[PDB]
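FYI, the numbering for the first sequence is 31 to 90, 111 to 224, 233 to 662, 676 to 713, 721 to 1185, going by the deposited numbering.
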Amino acid sequence: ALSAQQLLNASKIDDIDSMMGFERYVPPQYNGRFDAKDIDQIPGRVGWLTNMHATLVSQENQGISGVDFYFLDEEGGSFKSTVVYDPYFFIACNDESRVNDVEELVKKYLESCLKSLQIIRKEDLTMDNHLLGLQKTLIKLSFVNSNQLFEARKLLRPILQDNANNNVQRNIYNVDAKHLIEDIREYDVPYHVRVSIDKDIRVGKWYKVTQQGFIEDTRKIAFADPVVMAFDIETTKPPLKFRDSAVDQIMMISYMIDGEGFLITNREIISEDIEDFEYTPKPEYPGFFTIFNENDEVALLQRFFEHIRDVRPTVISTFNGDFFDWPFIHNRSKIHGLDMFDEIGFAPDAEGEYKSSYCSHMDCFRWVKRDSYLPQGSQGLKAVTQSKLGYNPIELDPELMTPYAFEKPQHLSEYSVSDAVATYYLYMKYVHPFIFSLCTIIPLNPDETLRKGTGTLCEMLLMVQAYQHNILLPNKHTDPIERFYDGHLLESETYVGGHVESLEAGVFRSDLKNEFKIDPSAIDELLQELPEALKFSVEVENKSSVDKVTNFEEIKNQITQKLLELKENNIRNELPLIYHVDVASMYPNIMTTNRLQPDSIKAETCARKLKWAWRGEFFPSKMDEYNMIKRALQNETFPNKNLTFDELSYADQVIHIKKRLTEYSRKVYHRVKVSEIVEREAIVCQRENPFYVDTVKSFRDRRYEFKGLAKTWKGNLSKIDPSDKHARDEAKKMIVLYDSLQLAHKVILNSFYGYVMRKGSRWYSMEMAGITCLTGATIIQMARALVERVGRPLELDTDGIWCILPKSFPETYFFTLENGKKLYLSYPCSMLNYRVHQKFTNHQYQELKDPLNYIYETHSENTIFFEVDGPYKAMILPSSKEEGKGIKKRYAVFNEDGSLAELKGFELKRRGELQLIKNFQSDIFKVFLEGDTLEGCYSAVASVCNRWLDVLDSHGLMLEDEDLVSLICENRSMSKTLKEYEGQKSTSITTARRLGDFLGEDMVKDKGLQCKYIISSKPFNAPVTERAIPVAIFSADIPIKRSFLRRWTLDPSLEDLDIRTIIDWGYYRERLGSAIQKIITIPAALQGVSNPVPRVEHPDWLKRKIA
DNA sequence: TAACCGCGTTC
DNA sequence: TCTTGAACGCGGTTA
Ligand SMILES: Nc1ncnc2c1ncn2[C@H]1C[C@H](O)[C@@H](COP(=O)(O)OP(=O)(O)OP(=O)(O)O)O1
Ligand SMILES: [Ca+2]
Ligand SMILES: [Ca+2]
Ligand SMILES: [Fe+3]
C-alpha cells in the first residue's frame, strides 16, 4: 500500500542526492572500544551537518524508518549518512500490578504492525511521590516504520474511545485487559525530531560518522562554508492586474553565488542584449554581475537549472520566493515540458512551500516575519534593506516593469539585480548565522528552524530537556467545546495581562523647566534606605563587596545632600531629566524568580501561593434559557455537507447553539456579553522538577549574552574618535548586528511564557500566566508610586515607565575599588531595584542538594532589575480627543544629538495608513525640538501644521499630479479573501469588490490584498464605506473610468473625471485635523498654552474647560 | 452613546 | 496542519 509511494520517493530523492553530490557514505567496521576520547582512531569520515530528512530504506521488508544526514567534509566535498531508529510510543496503564497482562493483549492485538515490546520507566510529573523517586511504568511499543506506528494508533484509538464509554449490559444481577489502557503517550512526535532528541544530533555541529554512531568533534570551532545561492525573478505584468503563471512569462532571473553572481534574460521580451555591469550599493556588498542573455524562455529556465546543477548549492535563499518565485518557475517549467523535480530536485510540500532534499530553501521573508522585530509596515524588502543593510535599493514601479522590457531594458536589469544582492547579503549577514546557530540547540533542520512558530521552537527545546531528564511528555492540550461559569455559557476566558497607564501628555525638553511637587516623606523614606541600597548596588548589582570599594562614603554623602535639599525645597521649577526604566526580560525573570512552571501549580513550606486575575466573558442567559434554545434547534432541518441536528458534528451543534444564544439574550437583556474578573490563588510548589524554569533560565542567559554585547559596542562607539570614519563604521555595524541577535532571541524567549497558553501546548497553565502578569502589574505600580512621589511619571507600559525628574535629583555616580576600576551606579535605578528586592524576593526557592537521598536546600532568588536609558532631549506624548482620557502606546523621544530615539504606535510606522497623516507625522515630530520656550516651541510646530492645512484648504492645488496620487491614498490590507468577509461592511471590503468588478474576480483570488483607495464626496452624506474608490481606476481607459466612476458616485451623467473633484476634502480635512488636535493643540492646552493652530477648533468640552 | 470589529502595533 | 500571550488606538459600523 502507501508504502510504495514512500520507497519510490526515497529512491528518487537518493538519485537526486547522488547527482547533487550527496552519496550514502557507509563507514568502515570497527571492533574496538568506542569512546569520543579516542576520535582520531575510529574509522570514519568527519563532516559538518547541514540537513536532516526522514527517509525509508530497504534491507541495505516493508520499508525501514531512518534519517538521512547531509554533511560537508573538510576536503571540499559532500556526503550523506543514514541512521535507522525504530519509531516508538508508549502505552500507560491504570494499574501497575497488571502491566504484564496488557502486553499479552497488545502483542496479539497489534501482531499486524509491531516489531518489539518492552517495559520501561519514566518520571511522571503528575504522579504522587515522584520527587521521592517513584516512576510510572509504561509499555514501549516499537515499530519498523512510521506507517506501522500509525496503524497501531488506528487500532488503539477505538479501545481508548470504547474504554471511556460505559461497559455494556449483560447480566444486571451482578477486569477486561483492554479496559486497562489508560492512554497513549508520546505518539505525536515527528519522527526526525524523535531521532535528533534521542541521538543528540544537531545541524550545525561537527561529527565523525562511524560504525558505532555519530561522534561530535568538539575540537572544530567555526561552521563550514556552504555554497549559498540567492535568486530573484521578475515577470511580465498586464497593466493594473497581477502576475499569473498561466498567461505571464518570466522576464529575467537575477542571482548570486558566494559573492559572485549572474543575470539571465529572456531576450524574447528584453528588447536587446546586455553587457556585464556592477551594482555595489556600498563597499561591504560587492556585486560584479556577468550575464547569460538567452533566446527562448525555456532557454532561460534551462540555463538556471543547469547553473544550479553545476554549482551544487546547499542553501538557496529567496525573498518571499516560497509562494511567488518558486511556483512561478514551476508552472513555467511545466508549460514548457520541463519537470522541475527531475531538474533541480525541488518540489512543493504538504503546505505548498518549495523544498529540496540536499538544499535548504531560506525564504528571508519568513525570518523578517518572525525574527527581524520589524513592524509590518517596514517588512518589505525595500525597508528591510534600509534598516538592516544601511542603503537604499533601486525602486521601480511594477506597472513600468513589463513596459520597460522594451523601452529602458538596462534600467530594469539594474532593478532585478538590486533585489538579488539585497537578499543574498540579508541572508549571509542575518539569516544564515542566526538560523544555523539555532539548529545547534533545536532538533530541527534549517527549513524548519526558519519557518516554525516561536512557541513550537520553545516546545522543541523543552522536549529535549524533558527527555534528557527521563520526564514523560504530556500529551498536547485540548480546549473544551463548552465551558461554563455560574450557569452561563462562556464565550471567552483569560487572565488580566499587562498594566499600562497614560498619565500626562505634552512636550518635555531638557531645556524647558517644569514644576515638580516632591513628597517629603518619600525622600525621608529613601534616606532610611540608601545605606542598604548602595550596599545593594555593589553586592548584588555589580557582584562586588564594600570591603574593596573606596569612595563609598563620599558618594553616600553627595546623594544625601542633594536629597536633603529636595526635602526642604519640595516645590521647585527646574529643568527636567527625561528617563526610562525597564525591567530586563520581566516575565522570564518573574517566572524564574518564583519557580513558575505549568508543572508547579497544583491543589490539595513547599507552597508559595501567588494571586492572579481571571476574567471571563459569558452570556447572561441562564441554563434554563440555554436548554430552551437547544431543543428548539433540534427540531429544525439543516443542510448537509456531503439531516438532523443530532447528526451534525458536536462542534457544529455548538456553532449553531452560539448563534441562537447570541440573539436570544439580546432580546431579554440587550447585554450580550457580561465581563467579570475574579481574584484567584494558586499554589506554586517550590520543589517540583525544575526542567521548565531551567530551560527558560538558560535561554534568557543565552539572550542576555547578545544584549550585553550591544551595550558593550554602544560604549565602544562613545570612545570612537569622530575622525576615524572606518572605526565608527565597524562599531555601528556590530551594534546593528547585536541588537538584531538580541531581539531575534527576545521573541523566542518570551514565547516560553506564552507557550503556557498556546493551543495544543504540552505544558498548558492559565494559572501560571495570570500569576506572571499580576506580579508584573504589582511591581510596575510599586515603582510608579515612588516616582509619583518624587517626580512626574509621563507614561507606563507593563514593565517600563517614562518619567521626568528634577535636575537636582541624584543620577549617576562612580565608585572606585582597590583594583583601580570603576562601578556604574544610576541612583534612580538602584532606588527601585532595592525596593523590588525588599518586597518581591522569593525566600522559598528550593533545589535538590543531595539527589541520592532526595535532600533539598532553601535559598532566596530574585532576578528582577530595572535598567535606565537616558537622559533624553525631548519626549512628545499625544492626548485624546475625549475628556479625561489619555493615549497610551504612542509617543516620540529624541536623543541629545537631535536624532530620533523611539517612535511608538503612530501611523507613520504602522502598515498602510492614510499617507497624508503619515507624511504629516514624519514632518511634525522633528519640529518639536525647535523654539526657545514652551510657547515658542508650539509655535514652530504650529507653522508646519498650517502649511499642511493650506494643502487641504486649497483642495490640493499646490501639488503636481504625480505627487497628489501618493498623499491622499490609503493602502490597507485584507487578511483573508473577500468571500470570507460576507455580512461585513468596511472600506477595505468595498474597495476590494470594486477592484473586482472593474478588473475581474482574478484580483481578490488570493488573501493579503493591498487595497489602495480614495474617499469620494459622492453620494452625499452616504456612509464613508460606500464612497471608497480604488485608486487604480484613475489609470484605466476613459471609457472604463467614466462608467464605474458614475456607478460608484450614483451620478449617472457626470463628465468631470478629474481626480481632484471626486475627493472628499472635508473628510481628509477632518482626519488631518484630528491628528493636529491629538499631537499639537490639545497637548498644548493641558500644558497651559493657548491654541497654536486656531484653524483647528478645540472640542466643546475643552472650550468649556478653558472658561 | 456604548458595544463591537479588523488591523497592527506595544508591551 | 500548525498554532506564544494580553492591552491598546483608531476608523468605522451596529444596537
Ligand atoms: N512577543 C511577545 N510575546 C509574549 N510576551 C511579550 C512579547 N513581547 C513582550 N512581551 C511580554 C513579556 C515581557 O517580559 C513583557 C515586557 O516586554 P518588554 O519590556 O518589551 O521586553 P522584555 O522585558 O521581556 O525584554 P527587554 O530586556 O528587551 O526589555 O511583555
Ligand atoms: Ca523582486
Ligand atoms: Ca523590558
Ligand atoms: Fe509541594
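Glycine included, every Cβ here is placed at the ideal spot set by N, Cα and C.
Discussion item. Any heavy atom of ligand 4 inside 7 Å of the beta-carbon of residue 765?
Written reply: yes
Worksheet item: If we count Cβ pairs, one from each stretch, closer than 8 Å, do we get three or more for the region 1176-1184 versus the region 1154-1167?
Response: yes
Discussion item. Counting C-beta neighbours from all protein chains within 10 Å, is the total for residue 1034 16 or more, i.e. buried, or is it exposed?
Written reply: buried
Worksheet item: Applying the criterion that 16 or more other CB atoms from any shown protein chain within 10 Å of the CB defines a buried residue, is residue 1020 buried or exposed?
Response: Buried: at least 16 other Cβ atoms inside 10 Å.
Worksheet entry | Rounded Cβ spacing between residue 1053 and residue 1083 (contact assumed at less than 8 Å) | 15 Å between Cβ atoms; not a contact.
Item to complete: With a threshold of 16 other CB atoms inside 10 Å of the CB of residue 764, please say whether the residue is buried or exposed.
Response: Burial call: buried.
Practice prompt. Excluding the 5 residues preceding and the 5 following residue 274 in the sequence, name in chain order all residues of the same chain whose CB lies nearer than 6 Å to its CB.
Written response: Once the five neighbours on either side are set aside, the close Cβ partners of residue 274 are 263 and 265.
Practice prompt. Taking 8 Å as the cut-off, decide whether the C-beta atoms of residue 255 and residue 516 are in contact.
Written response: no
Discussion item. Do residue 841 and residue 813 have their beta-carbon atoms positioned less than 8 Å apart in this structure?
Written reply: Against a cut-off of 8 Å, the Cβ pair of residue 841 and residue 813 comes out as no contact.
Worksheet item: Whose beta carbon lies closer than 5 Å to any heavy atom of ligand 2, going through the chain in order?
Response: 290 and 477
Fill in: Inter-residue spacing [alpha-carbon to alpha-carbon] between residue 59 and residue 271
11 Å
Discussion item. Can you tell me where the alpha helix (DSSP H) holding residue 385 begins and where it ends?
Written reply: Run containing residue 385: 383-393, per the alpha helix (DSSP H) assignment.
Worksheet item: Leaving out the 5 sequence neighbours to the left and right, which residues in its chain are closer than 6 Å to residue 1047 when beta-carbon positions are compared?
Response: 993, 1090 and 1109
Discussion item. With DSSP as the reference, identify every bridge partner of residue 683, one or two as the case may be.
Written reply: Looking at the DSSP assignment, residue 683 forms a beta bridge with 758.
Discussion item. Measuring straight from C-alpha to C-alpha, what distance separates residue 611 and residue 896?
Written reply: 15 Å
Discussion item. Strictly by DSSP, which residues pair up with residue 552?
Written reply: 686
Worksheet item: Cα-Cα, which of 559, 733 and 1148 is closest to residue 871?
Response: 559
Worksheet entry | Straight-line Cα distance separating residue 63 from residue 72 | 9 Å
Item to complete: Taking all protein chains shown into account, decide if residue 539 is buried (16 or more other Cβ within 10 angstroms of its Cβ) or exposed.
Response: exposed
Worksheet item: Cβ of residue 640 within 7 Å of any heavy atom in ligand 3?
Response: yes
Item to complete: Tell me, to the nearest whole angstrom, how far the beta carbon of residue 328 is from that of residue 478; I am working on the premise that it is less than 8 Å.
Response: By a beta-carbon distance limit of 8 Å, residue 328 does not contact residue 478. Their separation comes to about 16 Å.
Fill in: Inter-stretch contact (C-beta, 8 Å, three-pair minimum) for the region 951-958 and the region 545-564
yes
Practice prompt. Take residue 684 and list the residues in its own chain whose beta-carbon comes closer than 7 Å to its own, dropping the five residues that flank it on each side.
Written response: 553, 554, 755, 757, 848 and 852
Fill in: Paired residues, beta bridge with residue 972 - DSSP
952 and 978
Worksheet item: Quick one: what's got a C-beta closer than 6 Å to residue 399's C-beta in the same chain, skipping five residues either side?
Response: 405
Practice prompt. Would you check if the distance between the CB atom of residue 314 and the CB atom of residue 373 is smaller than 8 Å?
Written response: It is not a contact, given that the beta carbons lie outside the stated cut-off.
Worksheet item: Which residues in the same chain have their Cβ closer than 6 Å to the Cβ of residue 401, if we skip the five residues on either side of it in sequence?
Response: Same-chain partners within the cutoff: 363.
Item to complete: Report yes if the C-beta distance between residue 1056 and residue 1078 is below 8 Å; otherwise report no.
Response: no
Practice prompt. Alpha carbon to alpha carbon, how far is residue 889 from residue 624? Give it in angstroms, no decimals.
Written response: 14 Å
Worksheet entry | Span separating the alpha-carbon of residue 498 from that of residue 253 | 15 Å
Item to complete: Going by CA-CA distance only, name the one from 53, 174, 196 and 147 that's closest to residue 86.
Response: 196
Worksheet item: Where does the unbroken beta strand (DSSP E) through residue 883 begin, and where does it stop?
Response: First-last of the beta strand (DSSP E) with residue 883: 878-884.
Fill in: residue 426 versus residue 936: straight-line alpha-carbon distance, rounded
Residue 426 and residue 936 have their C-alpha atoms roughly 44 Å apart.
Worksheet item: What are the boundary residues of the alpha helix (DSSP H) that includes residue 574?
Response: Taken as a continuous stretch (DSSP letters only), residue 574 belongs to no alpha helix (DSSP H), being part of the beta strand (DSSP E) at 572-575.
Item to complete: Look up residue 243 in the DSSP assignment and give the residues it is bridged to.
Response: 140
Worksheet item: For residue 678, is the beta carbon positioned less than 7 Å from some heavy atom of ligand 4?
Response: yes
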